Amino acid sequence: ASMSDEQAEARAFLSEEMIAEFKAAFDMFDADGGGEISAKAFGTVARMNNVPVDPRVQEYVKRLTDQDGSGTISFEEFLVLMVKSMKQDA
């Protein structure tokens, strides 16, 4: 369970057209149909989408699976993460 307040800014920055692309990319990894992908998958998705993976976010990303054991991010989080990474990337 994530925080959808983060989703608000994500939808403000990312256009529906962008959200749609990230949704499709996310779905590619969510073959389970749970709306949640592996934490480390974020880096892979970002890379193929030409999105620079921020080192700080990646630190936080690896910590997700590090502290929880099996880190999984929901589509909502994924969108916000893409935002954080692109925002931090100068």
Six or more apart or on different chains, Cβ under 9 Å: which pairs go from a residue in the range 59-83 that's among the small types (G, A, S) to one that's outside any helix (DSSP H, G or I) and surrounded by fewer than 19 Cβ atoms within 10 Å (Cβ to Cβ)? Could you list them? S70/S38; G71/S38; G71/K40; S74/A1; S74/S2; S74/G34; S74/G35
Residues (farther than 18 Å from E6 by Cα and either buried (at least 18 other Cβ atoms within 10 Å of the Cβ) or under 10 Å from the mean Cα position of the chain (by Cα) (or both)) located in the range 57-77: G71
Would the range 22-31 turn up any residue that is in a loop (DSSP other than H, G, I, E, B) and among the charged types (D, E, K, R)? yes
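Condition check ((1) under 11 Å from the mean Cα position of the chain (by Cα); (2) within 14 Å of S74 (Cβ to Cβ)) across all residues:
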position: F26; (1), (2): yes, yes
position: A31; (1), (2): no, no
position: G35; (1), (2): no, yes
position: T44; (1), (2): yes, no
position: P55; (1), (2): no, no
Cβ-Cβ under 6 Å, sequence separation 6+ or interchain: first residue in the range 27-49 and without any contact (Cβ under 8 Å) to a residue 40 or more places away in the chain, partner in a loop (DSSP other than H, G, I, E, B) and of a type outside the set (S, T, N, Q). Which pairs? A39/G71; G43/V53; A46/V53
Boolean, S2 is part of a loop (DSSP other than H, G, I, E, B) and in contact (Cβ under 8 Å) with a residue 40 or more places away in the chain: yes
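If you check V51 against the conditions, is it surrounded by 11 or more Cβ atoms within 10 Å (Cβ to Cβ), assigned to a helix (DSSP H, G or I) and β-branched (V, I, T)? Can you show your working first?
Values: surrounded by 11 or more Cβ atoms within 10 Å (Cβ to Cβ): yes; assigned to a helix (DSSP H, G or I): no; β-branched (V, I, T): yes.
The answer is no for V51.
None of the figures in this text is laboratory data; all of them are computed from the coordinates on show. Cβ: placed from backbone, ideal geometry, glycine included. Neighbour counts: every protein chain shown.
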